[PDB]
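Enquirer: Quick one: the structure is below, questions incoming.
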Amino acid sequence: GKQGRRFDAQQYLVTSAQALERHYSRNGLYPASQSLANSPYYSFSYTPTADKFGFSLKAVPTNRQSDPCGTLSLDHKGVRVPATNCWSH
């Protein structure tokens, strides 16, 4: 259901963040881009900071995904948004 799909999206943000840290560990910086796979339920994006020392990963629900947590995000510090009531990963 929609809750399961939210958690699926969260899991994908996490493995995406893990890949970004592997890049960071080799290069000392985050990459200019990251290929992400969208679904009928979420659109995923990667936004590095201008200095490439930070990033924001987001999962934006489509109209087909009527979930009360809305857009989910995860940054380079592990901060998960919404901060409460939403994340289980």
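Identifiers for the structure tokens are assigned positionally: chains receive A, B, ... in sequence, residues are indexed from 1 per chain, and ligands are indexed from 1 in the order shown.
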Find the residues near segment 80-87 of chain A: any atom within 8 Å, counting only C-alpha atoms, skip ones fewer than 4 places away on the same chain, and give them as a list in words.
Expert: residues 7, 10, 69, 71, 72, 73, 74 and 75 of chain A
Enquirer: Include C-alpha atoms and write out the residues we just selected as a JSON list (two decimals), in the first residue's frame.
Expert:
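This is the output file result_3.json:
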```
[["chain", "number", "residue", "atom", "x", "y", "z"],
["A", 7, "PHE", "CA", 9.25, 2.90, 2.91],
["A", 10, "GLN", "CA", 13.15, 5.57, 1.81],
["A", 69, "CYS", "CA", 4.57, 12.40, 4.54],
["A", 71, "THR", "CA", 8.24, 14.74, -0.13],
["A", 72, "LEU", "CA", 10.98, 12.75, 1.59],
["A", 73, "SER", "CA", 14.56, 13.94, 1.75],
["A", 74, "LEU", "CA", 17.91, 12.72, 3.01],
["A", 75, "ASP", "CA", 21.12, 14.80, 3.12]]
```
Enquirer: Kindly assemble as a Markdown table a list of the segment 29-81 of chain A residues that lie within 8 Å of segment 18-23 of chain A, each paired with its nearest atom pair and their distance in Å to one decimal, using only C-alpha atoms, sorted first by chain and then by ascending residue number.
Expert:
```
| residue | atom | partner | partner_atom | distance |
| --- | --- | --- | --- | --- |
| A:29 | CA | A:23 | CA | 7.4 |
| A:30 | CA | A:23 | CA | 6.4 |
| A:31 | CA | A:23 | CA | 7.0 |
```
Enquirer: Just to be explicit: take each residue in the selection above, keep N, CA, C and O atoms, and write the result as a PDB file, in the first residue's frame.
Expert:
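File written: again.pdb
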```pdb
ATOM      1  N   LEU A  29      34.921  14.490  -2.518  1.00  0.00           N
ATOM      2  CA  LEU A  29      33.811  15.353  -2.915  1.00  0.00           C
ATOM      3  C   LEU A  29      32.646  14.493  -3.387  1.00  0.00           C
ATOM      4  O   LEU A  29      32.843  13.353  -3.791  1.00  0.00           O
ATOM      5  N   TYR A  30      31.436  15.037  -3.349  1.00  0.00           N
ATOM      6  CA  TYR A  30      30.296  14.344  -3.946  1.00  0.00           C
ATOM      7  C   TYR A  30      30.287  14.592  -5.450  1.00  0.00           C
ATOM      8  O   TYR A  30      30.858  15.574  -5.918  1.00  0.00           O
ATOM      9  N   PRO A  31      29.645  13.693  -6.218  1.00  0.00           N
ATOM     10  CA  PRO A  31      29.635  13.808  -7.680  1.00  0.00           C
ATOM     11  C   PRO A  31      28.697  14.881  -8.213  1.00  0.00           C
ATOM     12  O   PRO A  31      27.769  15.293  -7.522  1.00  0.00           O
TER      13      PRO A  31
END
```
Enquirer: Write out as a ChimeraX atom specification which residues come within 9 Å of residue 9 of chain A when counting only C-alpha atoms, dropping same-chain ones fewer than 6 positions away.
Expert: /A:41-42,44,59,72
Enquirer: With C-alpha atoms retained, could you export that selection as a PDB file, in the first residue's frame?
Expert:
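New file part07.pdb:
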```
ATOM      1  CA  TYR A  41       4.789   6.705  -7.270  1.00  0.00           C
ATOM      2  CA  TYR A  42       7.947   8.748  -6.664  1.00  0.00           C
ATOM      3  CA  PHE A  44      13.845  10.929  -7.260  1.00  0.00           C
ATOM      4  CA  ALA A  59      11.681  11.499  -3.261  1.00  0.00           C
ATOM      5  CA  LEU A  72      10.977  12.753   1.586  1.00  0.00           C
TER       6      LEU A  72
END
```
Enquirer: In Å, how far is it from atom CA of residue 67 of chain A to atom CA of residue 89 of chain A?
Expert: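 Computing it gives 16.6 Å between the two atoms.
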Enquirer: Would you mind telling me which residue in A:70, A:45, A:11, A:28 lies nearest to residue 58 of chain A when using only C-alpha atoms?
Expert: A:45
Enquirer: Would you mind telling me which residue in A:64, A:6, A:52, A:77 lies nearest to residue 40 of chain A when using only C-alpha atoms?
Expert: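 The shortest atom-to-atom distance to residue 40 of chain A comes from A:64.
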Enquirer: Tell me which of A:8, A:37, A:47, A:2 sits closest to residue 63 of chain A, counting only C-alpha atoms.
Expert: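 Nearest to residue 63 of chain A: A:2.
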Enquirer: I'd like to know which residues of chain A are strand (DSSP E) (by DSSP, run on the backbone); could you write them as a list in words?
Expert: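 Result set for chain A (strand (DSSP E)): residues 42, 43, 44, 45, 46, 47, 48, 55, 56, 57, 58, 59, 60, 61, 72, 73, 74, 75, 80 and 81 of chain A.
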Enquirer: Between A:48, A:79, A:17, A:61, which has the minimum distance to residue 32 of chain A (counting only C-alpha atoms)?
Expert: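 For residue 32 of chain A, the nearest of the given residues is A:48.
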Enquirer: Measuring atom to atom with only C-alpha atoms, identify which of A:34, A:88, A:5, A:76 is nearest to residue 55 of chain A.
Expert: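 That would be A:76, the residue with the smallest distance to residue 55 of chain A.
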Enquirer: Rounded to one decimal in Å, what is the spacing between atom CA of residue 57 of chain A and atom CA of residue 13 of chain A?
Expert: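 One can read the atom CA of residue 57 of chain A to atom CA of residue 13 of chain A distance as 6.6 Å.
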Enquirer: Which residue, A:15, A:26, A:36, A:1, has the smallest gap to residue 65 of chain A when you use only C-alpha atoms?
Expert: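 Among the listed residues, the smallest separation from residue 65 of chain A belongs to A:1.
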Enquirer: Would you please extract all helix (DSSP H, G or I) residues from chain A, as assigned by DSSP on the backbone, and give them as a list in words?
Expert: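 Going through chain A, the helix (DSSP H, G or I) residues come out as residues 2, 3, 4, 5, 6, 7, 8, 9, 10, 11, 12, 13, 14, 15, 16, 17, 18, 19, 20, 21, 22, 23, 24, 25, 26 and 27 of chain A.
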